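**Q** Sharing my_file10.csv here; it has CSV, C-alpha atoms and all ligand atoms.
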chain,number,residue,atom,x,y,z
A,1,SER,CA,3.8,-23.3,8.8
A,2,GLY,CA,4.4,-20.5,11.4
A,3,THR,CA,3.5,-17.6,9.0
A,4,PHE,CA,0.5,-15.5,8.0
A,5,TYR,CA,-0.5,-18.3,5.6
A,6,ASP,CA,-1.7,-20.3,8.6
A,7,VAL,CA,-4.1,-17.4,9.4
A,8,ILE,CA,-5.4,-17.5,5.8
A,9,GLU,CA,-6.0,-21.2,6.2
A,10,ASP,CA,-7.9,-20.6,9.4
A,11,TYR,CA,-10.2,-18.2,7.6
A,12,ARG,CA,-10.8,-20.5,4.6
A,13,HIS,CA,-14.1,-21.6,6.2
A,14,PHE,CA,-15.1,-18.3,7.7
A,15,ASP,CA,-18.6,-17.3,6.7
A,16,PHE,CA,-18.4,-13.6,6.1
A,17,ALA,CA,-22.0,-13.2,4.9
A,18,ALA,CA,-23.3,-15.0,8.1
A,19,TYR,CA,-21.2,-12.7,10.3
A,20,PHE,CA,-22.5,-9.5,8.6
A,21,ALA,CA,-26.1,-10.9,8.8
A,22,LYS,CA,-25.6,-11.0,12.6
A,23,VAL,CA,-24.3,-7.4,12.9
A,24,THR,CA,-26.7,-4.8,14.3
A,25,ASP,CA,-26.5,-1.1,15.0
A,26,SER,CA,-25.9,-1.6,18.7
A,27,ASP,CA,-22.7,-3.6,17.8
A,28,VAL,CA,-21.4,-0.6,15.9
A,29,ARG,CA,-22.1,1.9,18.7
A,30,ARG,CA,-20.5,-0.3,21.3
A,31,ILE,CA,-17.3,-0.6,19.2
A,32,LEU,CA,-17.1,3.1,18.8
A,33,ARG,CA,-16.9,3.4,22.6
A,34,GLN,CA,-14.1,0.8,22.9
A,35,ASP,CA,-10.4,1.6,23.4
A,36,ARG,CA,-9.1,-1.6,21.8
A,37,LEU,CA,-10.7,-3.4,18.8
A,38,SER,CA,-10.5,-7.1,18.0
A,39,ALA,CA,-10.1,-8.2,14.4
A,40,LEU,CA,-13.8,-8.8,14.1
A,41,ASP,CA,-14.7,-5.5,15.7
A,42,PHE,CA,-12.8,-4.2,12.7
A,43,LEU,CA,-14.8,-6.4,10.4
A,44,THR,CA,-18.0,-5.0,12.1
A,45,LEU,CA,-16.8,-1.5,11.2
A,46,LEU,CA,-16.5,-2.7,7.5
A,47,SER,CA,-20.1,-3.9,7.5
A,48,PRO,CA,-22.9,-2.3,5.6
A,49,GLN,CA,-24.6,-1.5,8.9
A,50,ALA,CA,-21.6,0.6,10.0
A,51,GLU,CA,-22.2,3.0,7.1
A,52,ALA,CA,-24.9,4.6,9.2
A,53,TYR,CA,-22.2,5.8,11.6
A,54,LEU,CA,-19.5,7.1,9.2
A,55,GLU,CA,-19.7,10.6,10.8
A,56,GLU,CA,-19.1,9.3,14.3
A,57,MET,CA,-16.3,7.1,12.9
A,58,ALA,CA,-14.6,10.0,11.2
A,59,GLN,CA,-14.8,12.1,14.4
A,60,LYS,CA,-13.0,9.4,16.4
A,61,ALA,CA,-10.6,8.4,13.6
A,62,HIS,CA,-9.5,12.1,13.2
A,63,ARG,CA,-8.8,12.4,17.0
A,64,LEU,CA,-6.8,9.1,17.1
A,65,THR,CA,-4.7,10.2,14.1
A,66,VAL,CA,-3.9,13.6,15.6
A,67,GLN,CA,-3.0,12.0,18.9
A,68,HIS,CA,-0.3,9.7,17.4
A,69,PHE,CA,0.7,11.6,14.3
A,70,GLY,CA,-0.1,15.3,15.0
A,71,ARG,CA,-1.4,17.5,12.2
A,72,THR,CA,1.3,16.3,9.8
A,73,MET,CA,1.4,14.5,6.5
A,74,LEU,CA,4.4,12.7,5.3
A,75,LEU,CA,5.2,13.1,1.6
A,76,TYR,CA,7.0,10.8,-0.8
A,77,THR,CA,7.0,9.9,-4.5
A,78,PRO,CA,7.7,6.8,-6.5
A,79,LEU,CA,10.6,6.2,-8.9
A,80,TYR,CA,10.2,3.5,-11.4
A,81,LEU,CA,13.7,2.1,-12.3
A,82,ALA,CA,12.7,-0.5,-14.9
A,83,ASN,CA,9.7,-2.1,-16.5
A,84,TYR,CA,11.0,-5.5,-17.7
A,85,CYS,CA,8.7,-8.1,-16.3
A,86,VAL,CA,8.1,-11.9,-16.8
A,87,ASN,CA,4.7,-11.9,-15.0
A,88,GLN,CA,1.3,-11.7,-16.6
A,89,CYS,CA,-0.6,-9.7,-14.1
A,90,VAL,CA,-3.9,-9.0,-15.8
A,91,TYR,CA,-4.4,-5.6,-14.1
A,92,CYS,CA,-0.9,-4.1,-14.8
A,93,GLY,CA,0.4,-2.0,-17.6
A,94,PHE,CA,3.8,-3.8,-17.5
A,95,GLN,CA,2.5,-7.3,-18.0
A,96,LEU,CA,4.6,-9.5,-20.3
A,97,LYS,CA,2.1,-9.6,-23.1
A,98,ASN,CA,1.7,-5.8,-23.3
A,99,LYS,CA,3.4,-4.0,-26.1
A,100,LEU,CA,5.5,-1.1,-24.9
A,101,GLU,CA,9.1,0.3,-24.9
A,102,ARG,CA,10.9,-1.7,-22.2
A,103,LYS,CA,13.5,0.5,-20.6
A,104,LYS,CA,15.9,0.4,-17.6
A,105,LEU,CA,17.5,3.5,-16.3
A,106,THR,CA,21.3,3.7,-16.4
A,107,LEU,CA,23.0,4.8,-13.2
A,108,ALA,CA,23.4,8.3,-14.6
A,109,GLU,CA,19.7,8.5,-15.4
A,110,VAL,CA,18.9,7.4,-11.8
A,111,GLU,CA,21.1,10.1,-10.4
A,112,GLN,CA,19.5,12.7,-12.6
A,113,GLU,CA,16.0,11.8,-11.6
A,114,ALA,CA,17.1,11.7,-8.0
A,115,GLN,CA,18.4,15.2,-8.3
A,116,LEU,CA,15.1,16.2,-9.9
A,117,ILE,CA,13.1,14.7,-7.1
A,118,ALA,CA,15.4,15.9,-4.4
A,119,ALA,CA,15.1,19.5,-5.8
A,120,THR,CA,11.4,19.4,-4.7
A,121,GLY,CA,12.4,18.8,-1.0
A,122,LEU,CA,11.4,15.2,-0.8
A,123,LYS,CA,13.5,13.0,1.5
A,124,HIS,CA,11.4,9.8,1.3
A,125,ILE,CA,11.7,7.9,-2.0
A,126,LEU,CA,10.0,4.6,-3.1
A,127,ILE,CA,11.7,2.7,-6.0
A,128,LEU,CA,10.0,0.2,-8.2
A,129,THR,CA,10.9,-2.3,-10.9
A,130,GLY,CA,9.2,-5.1,-12.7
A,131,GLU,CA,10.0,-8.8,-11.9
A,132,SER,CA,13.0,-9.3,-14.1
A,133,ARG,CA,16.1,-10.8,-12.4
A,134,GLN,CA,17.8,-10.8,-15.8
A,135,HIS,CA,17.4,-7.0,-16.5
A,136,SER,CA,16.9,-5.6,-13.0
A,137,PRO,CA,18.5,-8.1,-10.6
A,138,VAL,CA,19.1,-7.4,-6.9
A,139,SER,CA,22.6,-6.1,-7.8
A,140,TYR,CA,21.1,-3.5,-10.0
A,141,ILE,CA,18.8,-2.3,-7.3
A,142,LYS,CA,21.7,-2.3,-4.9
A,143,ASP,CA,23.7,0.0,-7.1
A,144,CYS,CA,20.6,2.4,-7.4
A,145,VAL,CA,20.2,2.4,-3.7
A,146,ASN,CA,23.8,3.5,-3.1
A,147,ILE,CA,23.3,6.5,-5.4
A,148,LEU,CA,19.9,7.4,-4.0
A,149,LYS,CA,21.1,7.4,-0.4
A,150,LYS,CA,23.1,10.6,-1.2
A,151,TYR,CA,19.9,12.5,-1.8
A,152,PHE,CA,17.2,10.7,0.3
A,153,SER,CA,17.3,9.8,4.0
A,154,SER,CA,14.6,7.1,3.6
A,155,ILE,CA,14.5,4.6,0.7
A,156,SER,CA,11.7,2.1,0.3
A,157,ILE,CA,11.5,-0.6,-2.2
A,158,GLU,CA,8.4,-1.9,-4.1
A,159,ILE,CA,9.9,-4.8,-6.2
A,160,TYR,CA,9.4,-8.5,-6.6
A,161,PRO,CA,9.4,-10.6,-3.4
A,162,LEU,CA,12.9,-11.6,-2.2
A,163,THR,CA,14.3,-14.2,0.1
A,164,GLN,CA,15.2,-13.2,3.6
A,165,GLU,CA,18.9,-13.0,2.7
A,166,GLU,CA,18.2,-10.8,-0.3
A,167,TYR,CA,16.2,-8.3,1.9
A,168,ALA,CA,19.1,-8.4,4.4
A,169,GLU,CA,21.5,-7.4,1.6
A,170,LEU,CA,19.3,-4.5,0.5
A,171,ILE,CA,18.8,-3.4,4.1
A,172,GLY,CA,22.6,-3.4,4.4
A,173,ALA,CA,22.8,-1.2,1.3
A,174,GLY,CA,20.5,1.4,2.8
A,175,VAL,CA,16.9,0.3,2.3
A,176,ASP,CA,14.7,1.0,5.3
A,177,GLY,CA,11.2,0.5,4.0
A,178,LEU,CA,9.3,-2.2,2.2
A,179,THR,CA,6.1,-1.9,0.2
A,180,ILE,CA,4.4,-5.1,-1.1
A,181,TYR,CA,0.8,-5.5,-2.0
A,182,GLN,CA,-0.7,-9.0,-1.8
A,183,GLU,CA,-3.2,-7.7,-4.5
A,184,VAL,CA,-5.8,-10.2,-3.5
A,185,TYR,CA,-5.9,-12.5,-0.5
A,186,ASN,CA,-8.5,-14.9,-1.9
A,187,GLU,CA,-6.3,-17.7,-3.3
A,188,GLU,CA,-8.8,-18.6,-6.1
A,189,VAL,CA,-9.1,-15.0,-7.3
A,190,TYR,CA,-5.4,-14.6,-7.0
A,191,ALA,CA,-4.8,-17.6,-9.4
A,192,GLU,CA,-7.0,-15.9,-12.0
A,193,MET,CA,-5.4,-12.5,-11.7
A,194,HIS,CA,-1.9,-14.1,-12.0
A,195,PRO,CA,-2.1,-16.7,-14.8
A,196,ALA,CA,1.7,-17.0,-15.4
A,197,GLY,CA,5.0,-16.1,-13.9
A,198,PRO,CA,6.7,-16.5,-10.5
A,199,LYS,CA,4.1,-14.1,-9.0
A,200,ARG,CA,1.5,-16.9,-9.4
A,201,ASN,CA,3.2,-18.3,-6.2
A,202,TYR,CA,0.6,-17.1,-3.7
A,203,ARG,CA,2.5,-18.2,-0.5
A,204,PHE,CA,5.9,-16.8,-1.4
A,205,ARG,CA,4.4,-13.3,-1.9
A,206,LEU,CA,2.1,-13.6,1.2
A,207,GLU,CA,5.1,-14.3,3.4
A,208,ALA,CA,7.4,-11.6,1.9
A,209,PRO,CA,6.6,-9.0,4.6
A,210,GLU,CA,7.6,-11.5,7.3
A,211,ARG,CA,10.9,-12.5,5.7
A,212,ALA,CA,11.7,-8.8,5.3
A,213,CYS,CA,10.8,-8.0,9.0
A,214,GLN,CA,12.9,-11.0,10.1
A,215,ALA,CA,15.9,-9.5,8.1
A,216,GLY,CA,15.5,-6.3,10.1
A,217,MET,CA,13.3,-4.1,7.8
A,218,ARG,CA,12.3,-0.9,9.7
A,219,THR,CA,8.9,-0.3,8.1
A,220,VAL,CA,6.5,-2.4,6.0
A,221,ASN,CA,3.6,-1.2,3.9
A,222,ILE,CA,1.0,-3.7,2.7
A,223,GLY,CA,-2.4,-3.7,1.0
A,224,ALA,CA,-5.0,-5.4,-1.2
A,225,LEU,CA,-5.6,-3.9,-4.7
A,226,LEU,CA,-9.2,-2.7,-4.3
A,227,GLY,CA,-11.2,-3.8,-7.4
A,228,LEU,CA,-9.9,-7.3,-7.8
A,229,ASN,CA,-12.3,-9.0,-5.3
A,230,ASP,CA,-15.0,-8.6,-2.6
A,231,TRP,CA,-13.7,-5.4,-1.1
A,232,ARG,CA,-14.9,-5.8,2.5
A,233,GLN,CA,-13.2,-9.2,2.7
A,234,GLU,CA,-10.0,-7.9,1.1
A,235,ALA,CA,-10.0,-4.9,3.4
A,236,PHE,CA,-10.5,-7.2,6.4
A,237,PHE,CA,-7.6,-9.5,5.4
A,238,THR,CA,-5.4,-6.4,4.9
A,239,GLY,CA,-6.1,-5.3,8.5
A,240,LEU,CA,-5.7,-8.8,9.8
A,241,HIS,CA,-2.4,-9.1,8.0
A,242,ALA,CA,-1.3,-5.7,9.4
A,243,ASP,CA,-2.3,-6.8,12.9
A,244,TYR,CA,-0.5,-10.1,12.5
A,245,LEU,CA,2.7,-8.4,11.5
A,246,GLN,CA,2.5,-5.8,14.3
A,247,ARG,CA,2.0,-8.4,17.0
A,248,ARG,CA,4.8,-10.5,15.5
A,249,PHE,CA,7.3,-7.6,15.1
A,250,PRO,CA,6.4,-5.0,17.7
A,251,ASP,CA,9.3,-2.8,16.7
A,252,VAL,CA,8.4,-2.6,13.0
A,253,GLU,CA,6.3,0.3,11.8
A,254,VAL,CA,3.4,-1.3,9.9
A,255,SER,CA,1.3,0.7,7.5
A,256,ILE,CA,-1.4,-0.1,4.9
A,257,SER,CA,-2.5,1.4,1.6
A,258,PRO,CA,-6.0,1.2,0.0
A,259,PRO,CA,-5.0,1.4,-3.7
A,260,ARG,CA,-7.9,1.3,-6.2
A,261,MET,CA,-7.5,0.0,-9.7
A,262,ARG,CA,-6.9,2.5,-12.4
A,263,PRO,CA,-7.0,2.5,-16.2
A,264,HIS,CA,-3.9,0.9,-17.7
A,265,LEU,CA,-2.4,-0.5,-20.9
A,266,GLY,CA,-4.2,-3.8,-21.4
A,267,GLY,CA,-7.6,-2.6,-20.5
A,268,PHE,CA,-8.6,-5.2,-17.9
A,269,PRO,CA,-11.8,-4.1,-16.1
A,270,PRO,CA,-12.0,-4.4,-12.3
A,271,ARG,CA,-14.2,-7.2,-11.0
A,272,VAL,CA,-16.0,-5.2,-8.3
A,273,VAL,CA,-16.6,-1.5,-8.1
A,274,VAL,CA,-15.2,0.2,-5.0
A,275,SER,CA,-16.8,3.6,-4.4
A,276,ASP,CA,-15.4,6.7,-2.7
A,277,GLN,CA,-17.5,5.9,0.4
A,278,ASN,CA,-16.2,2.3,0.5
A,279,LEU,CA,-12.7,3.7,0.5
A,280,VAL,CA,-13.5,6.2,3.3
A,281,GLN,CA,-15.1,3.5,5.4
A,282,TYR,CA,-12.1,1.3,4.9
A,283,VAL,CA,-9.7,4.0,6.1
A,284,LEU,CA,-11.8,5.1,9.0
A,285,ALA,CA,-12.4,1.5,10.2
A,286,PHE,CA,-8.7,0.6,10.0
A,287,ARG,CA,-7.6,3.7,11.9
A,288,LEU,CA,-9.9,2.7,14.7
A,289,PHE,CA,-8.5,-0.8,14.6
A,290,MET,CA,-4.8,0.2,14.6
A,291,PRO,CA,-4.6,3.8,15.7
A,292,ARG,CA,-0.8,4.0,15.5
A,293,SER,CA,-0.5,2.4,12.0
A,294,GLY,CA,0.3,4.6,9.1
A,295,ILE,CA,-2.2,4.9,6.2
A,296,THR,CA,-0.7,5.8,2.8
A,297,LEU,CA,-2.8,7.5,0.1
A,298,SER,CA,-1.3,7.5,-3.5
A,299,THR,CA,-2.1,9.5,-6.6
A,300,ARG,CA,-4.5,6.8,-7.8
A,301,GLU,CA,-7.1,9.0,-6.1
A,302,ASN,CA,-8.2,12.3,-7.5
A,303,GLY,CA,-7.2,15.5,-5.8
A,304,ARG,CA,-10.6,16.5,-4.4
A,305,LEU,CA,-11.0,13.1,-2.7
A,306,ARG,CA,-7.4,13.2,-1.3
A,307,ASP,CA,-8.1,16.7,0.0
A,308,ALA,CA,-11.2,15.4,1.9
A,309,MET,CA,-9.2,12.5,3.4
A,310,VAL,CA,-6.5,14.7,4.9
A,311,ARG,CA,-8.5,14.8,8.1
A,312,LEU,CA,-9.7,11.2,7.9
A,313,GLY,CA,-6.7,9.1,9.1
A,314,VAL,CA,-4.3,9.4,6.1
A,315,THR,CA,-0.8,9.9,7.3
A,316,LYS,CA,1.3,9.6,4.1
A,317,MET,CA,0.6,11.0,0.6
A,318,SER,CA,2.5,10.8,-2.7
A,319,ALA,CA,3.0,13.9,-4.8
A,320,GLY,CA,4.6,14.7,-8.1
A,321,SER,CA,4.4,11.0,-9.0
A,322,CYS,CA,5.1,9.3,-12.3
A,323,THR,CA,4.4,5.6,-13.1
A,324,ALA,CA,6.6,5.4,-16.2
A,325,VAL,CA,10.3,4.7,-16.5
A,326,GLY,CA,11.8,8.1,-17.3
A,327,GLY,CA,8.4,9.7,-17.8
A,328,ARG,CA,9.4,12.8,-15.8
A,329,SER,CA,11.5,13.7,-18.9
A,330,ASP,CA,9.2,12.0,-21.4
A,331,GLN,CA,5.5,12.8,-21.5
A,332,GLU,CA,4.8,10.0,-24.0
A,333,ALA,CA,6.3,7.3,-21.8
A,334,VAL,CA,3.9,4.5,-20.9
A,335,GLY,CA,3.2,4.1,-17.2
A,336,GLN,CA,2.2,1.0,-15.2
A,337,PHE,CA,-1.3,2.7,-14.8
A,338,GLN,CA,-2.9,6.1,-15.1
A,339,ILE,CA,-2.5,8.4,-12.2
A,340,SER,CA,-5.4,10.7,-11.1
A,341,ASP,CA,-3.8,13.4,-8.8
A,342,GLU,CA,-1.2,15.1,-11.0
A,343,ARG,CA,-0.3,17.8,-8.5
A,344,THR,CA,3.3,18.5,-7.7
A,345,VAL,CA,5.0,18.3,-4.3
A,346,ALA,CA,4.7,22.0,-3.9
A,347,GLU,CA,0.9,22.1,-4.8
A,348,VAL,CA,0.2,19.2,-2.4
A,349,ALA,CA,2.3,20.9,0.4
A,350,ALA,CA,0.5,24.2,-0.1
A,351,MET,CA,-2.9,22.5,0.1
A,352,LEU,CA,-1.9,20.8,3.4
A,353,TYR,CA,-0.8,24.1,4.9
A,354,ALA,CA,-4.2,25.6,3.9
A,355,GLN,CA,-6.0,22.8,5.9
A,356,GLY,CA,-3.9,23.5,9.0
A,357,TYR,CA,-1.6,20.5,8.4
A,358,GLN,CA,2.2,20.5,8.4
A,359,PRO,CA,3.7,18.7,5.4
A,360,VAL,CA,6.8,16.8,6.6
A,361,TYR,CA,9.5,15.0,4.6
A,362,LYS,CA,11.2,12.9,7.2
A,363,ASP,CA,9.1,10.2,9.0
A,364,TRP,CA,10.4,11.0,12.5
A,365,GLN,CA,8.8,14.5,12.3
A,366,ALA,CA,5.2,13.0,12.3
A,367,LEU,CA,4.2,13.7,15.9
B,401,LIG,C1,2.9,-1.1,-7.7
B,401,LIG,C2,1.4,-1.4,-7.5
B,401,LIG,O1,0.7,-0.8,-8.4
B,401,LIG,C3,-0.6,-1.7,-8.4
B,401,LIG,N1,-1.1,-1.7,-9.6
B,401,LIG,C4,-0.8,-2.6,-10.5
B,401,LIG,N2,-1.6,-2.4,-11.6
B,401,LIG,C5,-2.5,-1.4,-11.3
B,401,LIG,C6,-3.5,-0.7,-12.0
B,401,LIG,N3,-3.9,-1.1,-13.3
B,401,LIG,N4,-4.2,0.3,-11.4
B,401,LIG,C7,-3.9,0.6,-10.1
B,401,LIG,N5,-2.9,0.1,-9.5
B,401,LIG,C8,-2.2,-1.0,-10.0
B,401,LIG,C9,-0.1,-3.1,-7.9
B,401,LIG,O2,-0.8,-3.4,-6.6
B,401,LIG,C10,1.1,-3.0,-7.8
B,401,LIG,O3,1.6,-3.8,-6.6
B,402,LIG,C1,6.0,-2.4,-10.4
B,402,LIG,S1,4.8,-3.5,-9.7
B,402,LIG,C2,5.4,-3.8,-8.0
B,402,LIG,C3,6.8,-4.5,-8.0
B,402,LIG,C4,6.7,-6.0,-8.4
B,402,LIG,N1,6.6,-6.1,-9.8
B,402,LIG,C5,5.5,-6.6,-7.7
B,402,LIG,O1,4.4,-6.8,-8.2
B,402,LIG,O2,5.6,-7.0,-6.5
B,403,LIG,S1,2.3,-5.8,-11.0
B,403,LIG,FE1,4.6,-6.1,-10.8
B,403,LIG,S2,4.9,-8.3,-11.3
B,403,LIG,FE2,2.8,-7.8,-12.1
B,403,LIG,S3,3.1,-7.3,-14.3
B,403,LIG,FE3,3.2,-5.3,-13.1
B,403,LIG,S4,5.4,-5.0,-12.7
B,403,LIG,FE4,5.2,-7.2,-13.3
Represent the supplied structure as structure tokens.
**A**
Amino acid sequence: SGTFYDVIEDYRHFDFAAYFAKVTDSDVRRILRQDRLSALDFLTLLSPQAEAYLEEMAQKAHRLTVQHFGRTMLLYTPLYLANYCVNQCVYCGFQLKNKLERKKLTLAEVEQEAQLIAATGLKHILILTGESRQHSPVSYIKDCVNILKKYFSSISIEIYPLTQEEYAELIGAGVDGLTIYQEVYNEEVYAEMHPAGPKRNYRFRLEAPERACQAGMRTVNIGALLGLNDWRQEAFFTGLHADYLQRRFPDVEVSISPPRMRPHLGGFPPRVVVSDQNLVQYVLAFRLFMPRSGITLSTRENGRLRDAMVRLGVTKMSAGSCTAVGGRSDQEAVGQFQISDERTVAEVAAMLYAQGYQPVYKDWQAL
């Protein structure tokens, strides 16, 4: 097909358990000495055996991150514009069958929240909507982007997947970043997590980052939703997808997120448990695989864990977040999921200073 779905097809018969069974401690030590890592060297760093070398991995991953990013940490925050959605994502608080107050911000409410967020010093903003081309079509997001570009120098979207021409229209309006999570790369698990709605189309969402990069998107952020499937395999396909995009679009800045499932309206329990050490090994392994790729850490993680991971390869953190439409002015507003780190921008910035890190607000200052 000429997309990343061809790579997924080539790994449909890959025996991950047989590969891990062949991994030894000498394989891990060799890879820690290498300059460049193949996709399977990355898979070897995700292995149970590699847990014996997490200290050595963190030592090297910290050095690689300082080399390409300096002692900086880019800050951003999400802005939910609307929560209308036709999809039935079992893990999400905005799924169609959930009962909540559906709301879409007027243009004046968007500008007011933009002023509230800009008053904290943030220059990077990420906007989100549900999948509802009737209540939040591309034209609506285009009008919001035009207001937001008065306050923020970098606007990223995390919305429903678009055609290449739709992305090109939003890039022309001032969008410079794309965040889209494949959620789960296993097609069988994906079908169970998405029983109804256009999001059930596995290929259309898998190929969204490419259509965006072809339209000229500057940066793309991807990731599997940790908790939905075998985490090592999902982490591997996130790195493989990141590597595929970076080799295909050498001028695009490719980043990943390792978001873990959180409590949410609906109450769906995650299929597998992902521990804090799993999350650390994932981040460390990916930093060694792609040393120049950004690694975003959201407020799904608690403050103490995010403070530990400042020195572990994370390059972008959210602060002062809110997952509800208008929840910054309404404490009873229902969010997409429950956040963990409730710290403001200022509290996160003051913590970073205390660790010897420079909080930055524009992405070109990370060096
Ligand atoms: C905006 C992103 O938030 C993630 N997301 C959706 N539902 C949840 C949840 N219950 N917990 C944590 N993250 C979630 C999805 O991966 C979605 O893409
Ligand atoms: C608000 S969830 C993220 C945006 C969109 N609904 C998606 O799942 O891709
Ligand atoms: S994850 Fe996105 S598409 Fe799925 S129910 Fe939530 S808002 Fe809708």
**Q** Excluding residue 102 of chain A and any residue of its chain fewer than 6 positions from it, enumerate the residues within 9 Å of it, using only C-alpha atoms, and give them as a PyMOL selection string.
**A** chain A and resi 82-85+94+325
**Q** Neighbouring residues of residue 113 of chain A were defined as those with any atom within 9 Å, considering only C-alpha atoms; residues of the same chain fewer than 4 positions away were excluded. Please report them as a PDB file with C-alpha atoms, in the coordinates of the input.
**A**
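around14.pdb written:
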ATOM      1  CA  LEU A  79      10.600   6.200  -8.900  1.00  0.00           C
ATOM      2  CA  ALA A 108      23.400   8.300 -14.600  1.00  0.00           C
ATOM      3  CA  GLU A 109      19.700   8.500 -15.400  1.00  0.00           C
ATOM      4  CA  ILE A 117      13.100  14.700  -7.100  1.00  0.00           C
ATOM      5  CA  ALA A 118      15.400  15.900  -4.400  1.00  0.00           C
ATOM      6  CA  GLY A 326      11.800   8.100 -17.300  1.00  0.00           C
ATOM      7  CA  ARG A 328       9.400  12.800 -15.800  1.00  0.00           C
ATOM      8  CA  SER A 329      11.500  13.700 -18.900  1.00  0.00           C
TER       9      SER A 329
END
**Q** Within 10 Å of segment 18-31 of chain A, counting all atoms listed in the file, which residues qualify if same-chain residues fewer than 5 places away don't, as a ChimeraX atom specification?
**A** /A:36-38,40-53,56-57,288-289
**Q** Go through chain A and flag each residue having an atom no more than 9 Å from ligand LIG 403 (chain B); for those, report the closest pair of atoms plus their distance in Å to one decimal, using all atoms listed in the file, ordered by chain and rising number, as a Markdown table.
**A**
| residue | atom | partner | partner_atom | distance |
| --- | --- | --- | --- | --- |
| A:82 | CA | B:LIG403 | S4 | 8.9 |
| A:83 | CA | B:LIG403 | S4 | 6.4 |
| A:84 | CA | B:LIG403 | FE4 | 7.5 |
| A:85 | CA | B:LIG403 | FE4 | 4.7 |
| A:86 | CA | B:LIG403 | FE4 | 6.5 |
| A:87 | CA | B:LIG403 | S3 | 4.9 |
| A:88 | CA | B:LIG403 | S3 | 5.3 |
| A:89 | CA | B:LIG403 | FE2 | 4.4 |
| A:90 | CA | B:LIG403 | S3 | 7.4 |
| A:91 | CA | B:LIG403 | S1 | 7.4 |
| A:92 | CA | B:LIG403 | FE3 | 4.6 |
| A:93 | CA | B:LIG403 | FE3 | 6.2 |
| A:94 | CA | B:LIG403 | FE3 | 4.7 |
| A:95 | CA | B:LIG403 | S3 | 3.7 |
| A:96 | CA | B:LIG403 | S3 | 6.6 |
| A:128 | CA | B:LIG403 | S4 | 8.3 |
| A:129 | CA | B:LIG403 | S4 | 6.4 |
| A:130 | CA | B:LIG403 | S4 | 3.8 |
| A:131 | CA | B:LIG403 | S2 | 5.2 |
| A:132 | CA | B:LIG403 | FE4 | 8.1 |
| A:158 | CA | B:LIG403 | FE1 | 8.8 |
| A:159 | CA | B:LIG403 | FE1 | 7.1 |
| A:160 | CA | B:LIG403 | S2 | 6.5 |
| A:183 | CA | B:LIG403 | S1 | 8.7 |
| A:194 | CA | B:LIG403 | FE2 | 7.9 |
| A:197 | CA | B:LIG403 | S2 | 8.2 |
| A:198 | CA | B:LIG403 | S2 | 8.4 |
| A:199 | CA | B:LIG403 | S2 | 6.3 |
| A:336 | CA | B:LIG403 | FE3 | 6.7 |
**Q** Only C-alpha atoms, please: the residues just picked out, written as a PDB file, in the frame of the given file.
**A**
ATOM      1  CA  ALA A  82      12.700  -0.500 -14.900  1.00  0.00           C
ATOM      2  CA  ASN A  83       9.700  -2.100 -16.500  1.00  0.00           C
ATOM      3  CA  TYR A  84      11.000  -5.500 -17.700  1.00  0.00           C
ATOM      4  CA  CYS A  85       8.700  -8.100 -16.300  1.00  0.00           C
ATOM      5  CA  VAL A  86       8.100 -11.900 -16.800  1.00  0.00           C
ATOM      6  CA  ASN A  87       4.700 -11.900 -15.000  1.00  0.00           C
ATOM      7  CA  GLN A  88       1.300 -11.700 -16.600  1.00  0.00           C
ATOM      8  CA  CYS A  89      -0.600  -9.700 -14.100  1.00  0.00           C
ATOM      9  CA  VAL A  90      -3.900  -9.000 -15.800  1.00  0.00           C
ATOM     10  CA  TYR A  91      -4.400  -5.600 -14.100  1.00  0.00           C
ATOM     11  CA  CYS A  92      -0.900  -4.100 -14.800  1.00  0.00           C
ATOM     12  CA  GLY A  93       0.400  -2.000 -17.600  1.00  0.00           C
ATOM     13  CA  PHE A  94       3.800  -3.800 -17.500  1.00  0.00           C
ATOM     14  CA  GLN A  95       2.500  -7.300 -18.000  1.00  0.00           C
ATOM     15  CA  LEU A  96       4.600  -9.500 -20.300  1.00  0.00           C
ATOM     16  CA  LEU A 128      10.000   0.200  -8.200  1.00  0.00           C
ATOM     17  CA  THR A 129      10.900  -2.300 -10.900  1.00  0.00           C
ATOM     18  CA  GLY A 130       9.200  -5.100 -12.700  1.00  0.00           C
ATOM     19  CA  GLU A 131      10.000  -8.800 -11.900  1.00  0.00           C
ATOM     20  CA  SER A 132      13.000  -9.300 -14.100  1.00  0.00           C
ATOM     21  CA  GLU A 158       8.400  -1.900  -4.100  1.00  0.00           C
ATOM     22  CA  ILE A 159       9.900  -4.800  -6.200  1.00  0.00           C
ATOM     23  CA  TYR A 160       9.400  -8.500  -6.600  1.00  0.00           C
ATOM     24  CA  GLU A 183      -3.200  -7.700  -4.500  1.00  0.00           C
ATOM     25  CA  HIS A 194      -1.900 -14.100 -12.000  1.00  0.00           C
ATOM     26  CA  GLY A 197       5.000 -16.100 -13.900  1.00  0.00           C
ATOM     27  CA  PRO A 198       6.700 -16.500 -10.500  1.00  0.00           C
ATOM     28  CA  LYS A 199       4.100 -14.100  -9.000  1.00  0.00           C
ATOM     29  CA  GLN A 336       2.200   1.000 -15.200  1.00  0.00           C
TER      30      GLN A 336
END
**Q** Using all atoms listed in the file, which residues sit within 9 Å of segment 256-269 of chain A once same-chain residues fewer than 3 positions away are excluded, as an MDAnalysis selection string?
**A** chainID A and resid 90:95 97:100 181 220:228 235 238:239 242 272 274 279 282:283 286 293:298 300:301 334:340
**Q** Between atom CA of residue 153 of chain A and atom CA of residue 215 of chain A, what is the distance, to one decimal in Å?
**A** 19.8 Å
**Q** Using all atoms listed in the file, which protein or nucleic acid residues come within 12 Å of residue 115 of chain A? Drop anything in the same chain fewer than 5 positions from it, and give the result as a PyMOL selection string.
**A** chain A and resi 79+108-110+120-123+125+147-152+328
